[PDB]
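Each remark here refers to the structure printed beneath this line.
What follows draws every value from the coordinates through simple rules; no lab data is involved. Every residue, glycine among them, receives a Cβ derived from its backbone with ideal geometry; neighbour counts consider all protein chains shown.
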Amino acid sequence: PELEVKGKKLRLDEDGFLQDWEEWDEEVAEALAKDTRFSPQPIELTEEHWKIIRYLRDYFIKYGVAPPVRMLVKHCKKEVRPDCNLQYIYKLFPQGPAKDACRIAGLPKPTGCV
């Protein structure tokens with residue numbers, strides 16, 4: 001379906017992932033985060049959320065896939081907080097790094113992030 005943000009109508013897939021992925025910015029991230037068609041509840045983006053979002057998006061821009069969860073957790077422990085395990089990632093992103101975090105980070109698919 002569509003997502004109205006910033007005077008634009010962006011294309012999402014059936015799982016709520018941004019298909020016009022190159023149109024993404026912080027504003028789009030925010031609209032995705034409150035998109036309750038694809039999330040039980042809006043997700044309030046803290047700086048921790050943002051650190052995770054920026055990491056996923058940089059990885060996709062560089063490698064064309066999302067990083068594996070194994071690598072995400074390692075990164076989070078090093079750059080977010082020493083106790084940021086997968087459970088902590090689900091605390092931030094209730095549906096997980098693929099269904100929530102990669103979606104909000106504007107990746108066109110979460111492929112790789114398992």
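Both numbers refer to the Cα atoms of the chain; Rg and Dmax are 13.0, 40 Å.
Spin-label model, residue 58/residue 23: points 7 Å from Cα along the beta carbon direction are separated by 2.7 nm. Over all pairs of different C-alpha atoms in the stretch 1-44, the reciprocal of the mean inverse distance, the Kirkwood hydrodynamic radius, equals 10.5 Å.
Computed from the C-beta positions of residue 111 and residue 34, the FRET efficiency with R₀ = 22 Å rounds to 0.35.
Simple point charges give the picture: +1 on the Cβ of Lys and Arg, -1 on the Cβ of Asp and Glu, and for the chain a dipole about the Cα centre of about 520 debye. P(r) for the stretch 18-77, from all Cα pairs and a bin width of 5 Å, is 4, 15, 25, 24, 22, 9, 0 %, short bins first. Per-residue ellipticity at 222 nm computed for the chain from its helices equals -11500 deg cm²/dmol, with DSSP H segments shorter than 4 residues left out and the rest contributing -39,500 (n - 2.57).
Take the Cα of residue 14, step 7 Å toward its Cβ, do the same at residue 77, and the gap between the two points is 3.7 nm.
The ranking of 38, 93 by Cβ neighbour count inside 10 Å, starting from the fewest, reads 38, 93.
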